[PDB]
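File shown here: protein_23.cif, holding mmCIF, C-alpha atoms.
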```cif
data_input
#
loop_
_atom_site.label_atom_id
_atom_site.label_comp_id
_atom_site.auth_asym_id
_atom_site.auth_seq_id
_atom_site.Cartn_x
_atom_site.Cartn_y
_atom_site.Cartn_z
CA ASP P 1059 0.00 0.00 0.00
CA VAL P 1060 1.21 3.60 -0.70
CA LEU P 1061 1.28 4.74 2.98
CA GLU P 1062 3.48 1.76 4.02
CA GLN P 1063 5.57 2.18 0.81
CA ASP P 1064 6.28 5.86 1.74
CA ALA P 1065 7.56 4.71 5.18
CA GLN P 1066 9.81 2.10 3.43
CA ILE P 1067 11.08 4.84 1.04
CA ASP P 1068 12.00 7.06 4.06
CA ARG P 1069 14.36 4.51 5.72
CA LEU P 1070 15.89 3.60 2.29
CA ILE P 1071 16.63 7.33 1.65
CA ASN P 1072 18.25 7.65 5.12
CA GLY P 1073 20.46 4.58 4.50
CA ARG P 1074 21.50 5.78 1.01
CA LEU P 1075 22.47 9.31 2.19
CA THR P 1076 24.56 7.95 5.14
CA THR P 1077 26.39 5.57 2.73
CA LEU P 1078 27.01 8.54 0.36
CA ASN P 1079 28.33 10.61 3.33
CA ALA P 1080 30.87 7.84 4.14
CA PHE P 1081 31.89 7.66 0.43
CA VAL P 1082 32.37 11.49 0.27
CA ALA P 1083 34.41 11.42 3.53
CA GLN P 1084 36.71 8.71 2.06
CA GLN P 1085 37.15 10.84 -1.13
CA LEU P 1086 38.04 13.92 1.01
CA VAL P 1087 40.71 11.86 2.89
CA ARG P 1088 42.04 10.58 -0.49
CA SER P 1089 42.29 14.18 -1.83
CA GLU P 1090 44.23 15.31 1.29
CA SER P 1091 46.60 12.30 0.87
CA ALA P 1092 46.95 13.18 -2.86
CA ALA P 1093 47.95 16.78 -1.98
CA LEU P 1094 50.69 15.47 0.39
CA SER P 1095 51.90 12.91 -2.22
CA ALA P 1096 51.92 15.60 -4.98
CA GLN P 1097 54.08 17.84 -2.71
CA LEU P 1098 56.41 14.84 -2.11
CA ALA P 1099 56.50 14.15 -5.90
CA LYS P 1100 57.50 17.77 -6.75
CA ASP P 1101 60.28 17.67 -4.10
CA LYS P 1102 61.47 14.25 -5.39
CA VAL P 1103 61.67 15.50 -9.03
CA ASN P 1104 63.74 18.57 -8.02
CA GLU P 1105 65.99 16.67 -5.54
CA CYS P 1106 66.73 13.50 -7.59
CA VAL P 1107 65.78 13.93 -11.30
CA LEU E 415 -16.79 -11.73 -1.91
CA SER E 416 -20.17 -11.62 -3.74
CA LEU E 417 -20.84 -15.35 -2.98
CA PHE E 418 -20.18 -15.05 0.80
CA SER E 419 -21.07 -12.00 2.94
CA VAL E 420 -17.76 -10.87 4.53
CA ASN E 421 -18.33 -10.31 8.29
CA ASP E 422 -14.65 -9.27 8.74
CA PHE E 423 -12.14 -8.37 5.98
CA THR E 424 -8.46 -7.99 7.07
CA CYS E 425 -5.25 -8.25 4.95
CA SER E 426 -1.79 -8.12 6.64
CA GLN E 427 1.57 -7.19 4.96
CA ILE E 428 -0.30 -6.79 1.61
CA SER E 429 -2.90 -4.58 -0.18
CA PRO E 430 -6.03 -6.19 -1.77
CA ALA E 431 -5.71 -3.86 -4.81
CA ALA E 432 -2.01 -4.87 -5.13
CA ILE E 433 -2.82 -8.65 -5.17
CA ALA E 434 -5.37 -8.10 -8.00
CA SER E 435 -2.94 -5.84 -9.97
CA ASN E 436 0.11 -8.19 -9.71
CA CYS E 437 0.00 -11.95 -10.50
CA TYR E 438 1.10 -14.10 -7.51
CA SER E 439 2.98 -17.43 -7.82
CA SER E 440 0.48 -19.32 -5.61
CA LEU E 441 -2.89 -18.79 -3.82
CA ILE E 442 -3.71 -20.56 -0.51
CA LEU E 443 -7.34 -20.75 0.72
CA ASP E 444 -7.84 -22.23 4.23
CA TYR E 445 -11.26 -23.69 5.17
CA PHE E 446 -12.04 -23.63 8.93
CA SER E 447 -15.32 -23.74 10.93
CA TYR E 448 -15.09 -20.66 13.20
CA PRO E 449 -17.74 -18.93 15.42
CA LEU E 450 -18.52 -15.28 14.44
CA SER E 451 -18.46 -14.14 18.13
CA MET E 452 -14.77 -14.96 18.89
CA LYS E 453 -13.19 -12.28 16.60
CA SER E 454 -10.42 -11.59 19.19
CA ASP E 455 -9.32 -15.27 19.58
CA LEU E 456 -8.36 -15.71 15.87
CA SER E 457 -5.60 -13.43 14.46
CA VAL E 458 -2.31 -13.73 12.48
CA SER E 459 -0.66 -13.15 15.90
CA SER E 460 -2.74 -13.31 19.14
CA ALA E 461 -2.75 -14.82 22.68
CA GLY E 462 -6.30 -16.14 22.04
CA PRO E 463 -6.69 -19.91 22.70
#
```
Rendering of file as structure tokens:
Amino acid sequence: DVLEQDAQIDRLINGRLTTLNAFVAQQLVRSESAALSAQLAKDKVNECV
Amino acid sequence: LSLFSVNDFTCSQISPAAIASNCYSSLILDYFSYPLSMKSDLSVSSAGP
């Protein structure tokens, strides 16, 4: 029935957004690690190459 | 429903319109002799004897 289906949709939306929040947080951590690695890479090219 | 007057109509975990709209794999009809007065005793889940 539609009323029960709307309640089921609510919990599904809450689960999906929390999973997306975790995925975005992982991407933010990856970008911060990339910035540190890029700084290391620039120093390595100047120092060794 | 036309053949037998329905003293009580209850459907649990499903919608009567939905069952008509969507084909179901199987249909189970249970025949039992039950008194009209003891509505409370018989339920999908109840403490009735």
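Residues matching the PyMOL selection byres ((chain E) within 12 of (chain P)) in this structure come to residues 425, 426, 427, 428, 429, 430, 431, 432, 433 and 435 of chain E.
In this model, the gap between CA of residue 419 (chain E) and CA of residue 1061 (chain P) comes to 27.9 Å.
In this model, the gap between CA of residue 1089 (chain P) and CA of residue 1077 (chain P) comes to 18.6 Å.
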Discussion item. At a cut-off of 10 Å, using all atoms listed in the file, what residues contact residue 462 (chain E)? Leave out same-chain residues fewer than 4 positions from it and give the result as a PyMOL selection string.
Written reply: chain E and resi 452-457
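Separating CA of residue 1098 (chain P) from CA of residue 1081 (chain P) is a distance of 25.7 Å.
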Edge lengths and centre in Å to one decimal, as AutoDock Vina command-line options, is what I'm after for the box along x, y and z that holds all listed atoms of region 1083-1087 of chain P once 6 Å is added on each side.
```
--center_x 37.6 --center_y 11.3 --center_z 1.2 --size_x 18.3 --size_y 17.2 --size_z 16.7
```
Could N, CA, C and O atoms be built for region 1077-1098 of chain P and written out as a JSON list (two decimals), in the coordinates of the input?
```
[["chain", "number", "residue", "atom", "x", "y", "z"],
["P", 1077, "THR", "N", 25.36, 6.29, 3.52],
["P", 1077, "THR", "CA", 26.39, 5.57, 2.73],
["P", 1077, "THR", "C", 27.13, 6.57, 1.83],
["P", 1077, "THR", "O", 28.37, 6.47, 1.73],
["P", 1078, "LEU", "N", 26.39, 7.50, 1.22],
["P", 1078, "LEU", "CA", 27.01, 8.54, 0.36],
["P", 1078, "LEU", "C", 27.93, 9.43, 1.21],
["P", 1078, "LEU", "O", 29.01, 9.80, 0.72],
["P", 1079, "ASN", "N", 27.51, 9.75, 2.44],
["P", 1079, "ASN", "CA", 28.33, 10.61, 3.33],
["P", 1079, "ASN", "C", 29.66, 9.91, 3.62],
["P", 1079, "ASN", "O", 30.70, 10.59, 3.56],
["P", 1080, "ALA", "N", 29.62, 8.60, 3.88],
["P", 1080, "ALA", "CA", 30.87, 7.84, 4.14],
["P", 1080, "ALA", "C", 31.74, 7.85, 2.88],
["P", 1080, "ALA", "O", 32.97, 8.02, 3.01],
["P", 1081, "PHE", "N", 31.13, 7.68, 1.70],
["P", 1081, "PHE", "CA", 31.89, 7.66, 0.43],
["P", 1081, "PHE", "C", 32.55, 9.03, 0.21],
["P", 1081, "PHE", "O", 33.74, 9.06, -0.16],
["P", 1082, "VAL", "N", 31.81, 10.11, 0.46],
["P", 1082, "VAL", "CA", 32.37, 11.49, 0.27],
["P", 1082, "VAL", "C", 33.52, 11.70, 1.26],
["P", 1082, "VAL", "O", 34.55, 12.27, 0.85],
["P", 1083, "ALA", "N", 33.36, 11.24, 2.50],
["P", 1083, "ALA", "CA", 34.41, 11.42, 3.53],
["P", 1083, "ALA", "C", 35.68, 10.69, 3.09],
["P", 1083, "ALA", "O", 36.77, 11.27, 3.25],
["P", 1084, "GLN", "N", 35.53, 9.49, 2.54],
["P", 1084, "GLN", "CA", 36.71, 8.71, 2.06],
["P", 1084, "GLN", "C", 37.39, 9.49, 0.92],
["P", 1084, "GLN", "O", 38.63, 9.58, 0.93],
["P", 1085, "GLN", "N", 36.59, 10.07, 0.01],
["P", 1085, "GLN", "CA", 37.15, 10.84, -1.13],
["P", 1085, "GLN", "C", 37.91, 12.07, -0.60],
["P", 1085, "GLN", "O", 38.97, 12.39, -1.16],
["P", 1086, "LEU", "N", 37.37, 12.73, 0.43],
["P", 1086, "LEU", "CA", 38.04, 13.92, 1.01],
["P", 1086, "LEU", "C", 39.39, 13.50, 1.59],
["P", 1086, "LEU", "O", 40.38, 14.22, 1.35],
["P", 1087, "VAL", "N", 39.43, 12.37, 2.30],
["P", 1087, "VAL", "CA", 40.71, 11.86, 2.89],
["P", 1087, "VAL", "C", 41.68, 11.55, 1.75],
["P", 1087, "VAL", "O", 42.87, 11.90, 1.87],
["P", 1088, "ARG", "N", 41.18, 10.94, 0.67],
["P", 1088, "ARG", "CA", 42.04, 10.58, -0.49],
["P", 1088, "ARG", "C", 42.63, 11.86, -1.10],
["P", 1088, "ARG", "O", 43.82, 11.85, -1.44],
["P", 1089, "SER", "N", 41.81, 12.91, -1.23],
["P", 1089, "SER", "CA", 42.29, 14.18, -1.83],
["P", 1089, "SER", "C", 43.38, 14.81, -0.96],
["P", 1089, "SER", "O", 44.36, 15.33, -1.52],
["P", 1090, "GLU", "N", 43.20, 14.77, 0.37],
["P", 1090, "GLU", "CA", 44.23, 15.31, 1.29],
["P", 1090, "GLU", "C", 45.52, 14.50, 1.15],
["P", 1090, "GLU", "O", 46.61, 15.12, 1.10],
["P", 1091, "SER", "N", 45.41, 13.17, 1.06],
["P", 1091, "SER", "CA", 46.60, 12.30, 0.87],
["P", 1091, "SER", "C", 47.25, 12.62, -0.48],
["P", 1091, "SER", "O", 48.49, 12.64, -0.55],
["P", 1092, "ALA", "N", 46.43, 12.86, -1.51],
["P", 1092, "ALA", "CA", 46.95, 13.18, -2.86],
["P", 1092, "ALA", "C", 47.75, 14.48, -2.79],
["P", 1092, "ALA", "O", 48.82, 14.55, -3.42],
["P", 1093, "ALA", "N", 47.25, 15.48, -2.06],
["P", 1093, "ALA", "CA", 47.95, 16.78, -1.98],
["P", 1093, "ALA", "C", 49.33, 16.56, -1.34],
["P", 1093, "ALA", "O", 50.32, 17.12, -1.87],
["P", 1094, "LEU", "N", 49.40, 15.76, -0.28],
["P", 1094, "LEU", "CA", 50.69, 15.47, 0.39],
["P", 1094, "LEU", "C", 51.62, 14.71, -0.57],
["P", 1094, "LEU", "O", 52.81, 15.07, -0.64],
["P", 1095, "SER", "N", 51.08, 13.71, -1.27],
["P", 1095, "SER", "CA", 51.90, 12.91, -2.22],
["P", 1095, "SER", "C", 52.38, 13.78, -3.39],
["P", 1095, "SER", "O", 53.52, 13.58, -3.83],
["P", 1096, "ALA", "N", 51.53, 14.69, -3.88],
["P", 1096, "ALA", "CA", 51.92, 15.60, -4.98],
["P", 1096, "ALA", "C", 53.07, 16.51, -4.51],
["P", 1096, "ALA", "O", 54.00, 16.74, -5.30],
["P", 1097, "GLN", "N", 52.99, 17.00, -3.27],
["P", 1097, "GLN", "CA", 54.08, 17.84, -2.71],
["P", 1097, "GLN", "C", 55.36, 17.00, -2.63],
["P", 1097, "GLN", "O", 56.43, 17.52, -2.98],
["P", 1098, "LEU", "N", 55.23, 15.75, -2.18],
["P", 1098, "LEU", "CA", 56.41, 14.84, -2.11],
["P", 1098, "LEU", "C", 56.95, 14.63, -3.53],
["P", 1098, "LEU", "O", 58.18, 14.67, -3.70]]
```
